[PDB]
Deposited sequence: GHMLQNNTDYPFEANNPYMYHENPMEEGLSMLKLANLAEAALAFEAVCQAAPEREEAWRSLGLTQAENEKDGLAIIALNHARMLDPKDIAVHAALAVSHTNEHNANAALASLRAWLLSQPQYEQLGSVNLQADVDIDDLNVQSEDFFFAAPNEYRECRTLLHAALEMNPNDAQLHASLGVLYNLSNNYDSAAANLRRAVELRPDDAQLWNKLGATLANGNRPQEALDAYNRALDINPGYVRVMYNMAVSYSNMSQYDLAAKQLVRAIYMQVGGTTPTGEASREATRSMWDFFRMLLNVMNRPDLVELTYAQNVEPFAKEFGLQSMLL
């Protein structure tokens, strides 16, 4: 396997870890759900729903690398699972895999029977995607996933204003969708509008209190605005909820900038408790 399964996974022993993973997702316990889904992928690697759920969870748990590995299994097993193509496009965009991101969006659109009929990293592939999505928008004008998909595409080319407009329309249409609010927030954040981003993230966290990616993104935006007390608080939540070293290193920089050398030294132990108390 290309997937680095956690050793000593207690769900390996369980009757029905798939059910348990789904229930963990409903509860929003992402780390636990991922482990449960991992157990299913180990025991039954042909189970496409298992890889998809794993991939989906890992990306929300701020692990795009692990997400991609899992989603590619899902994509092999069911090339018409559009949730898999959608998530691959998102994680590849985050990872700046331009070609792979455009391949996923295109597959996302064309895998739907409904739809089946400059940018330096991948110029023509980009134009094609843009054209296909706009043509689809002509066939189905108020489709929130089409607007969201144009948001992903426009993030890829750093056209954060067009991305934000499309994604704002998507959340107007689906205001209880946690992923859409996070996507809008990330867009706004990357487009140097972190205050607005934080409002979107707050909506996302209210829907899914276990959305570790949103928590991380909030640490990022607060750090960008140099509100380090607020960044530190969100980052502690993120680290605690995630379970990593990259986040601890980011946390270390916050503690340094705020002139807390006593706390910086404590980050190597990687115990979140003194920091949970502190913040």
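- Against the full deposited sequence, the model leaves out several stretches, namely 1-7, 125-145, 272-284, 321-327.
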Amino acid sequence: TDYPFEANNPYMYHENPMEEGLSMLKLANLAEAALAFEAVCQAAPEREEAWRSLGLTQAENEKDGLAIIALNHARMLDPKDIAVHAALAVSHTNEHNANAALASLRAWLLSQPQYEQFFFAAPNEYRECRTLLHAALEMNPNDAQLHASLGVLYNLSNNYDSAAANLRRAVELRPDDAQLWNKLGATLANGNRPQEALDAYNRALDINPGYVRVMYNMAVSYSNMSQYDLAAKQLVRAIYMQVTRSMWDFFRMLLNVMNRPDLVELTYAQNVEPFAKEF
From here on, numbers count along this sequence of modelled residues.
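- In this entry, 134-142 shows the higher mean Cα temperature factor of the pair 150-158 and 134-142.
- As listed in the deposited structure, the average C-alpha B-factor of 69-77 and of 108-116 is greater for 108-116.
- Take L56, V212, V243, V220 and read off each C-alpha B-factor from the entry; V243 has the highest.
- Across the options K26, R237, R52, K63, the residue with the most elevated CA B-factor in the record is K26.
- Remark: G185 belongs to the lowest third of its chain, ranked by C-alpha B-factor as recorded.
- In the deposited entry, the Cα temperature factor of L102 sits in the bottom third of values across the chain's modelled residues.
- Among the modelled residues of its chain, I82 has a C-alpha B-factor that falls in the middle third, as given in the PDB entry.
- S91: CA B factor in the lowest third of modelled residues in this chain (values from the PDB entry).
- Residue-level temperature factors show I207 in the highest third of its chain, judged at the C-alpha atom.
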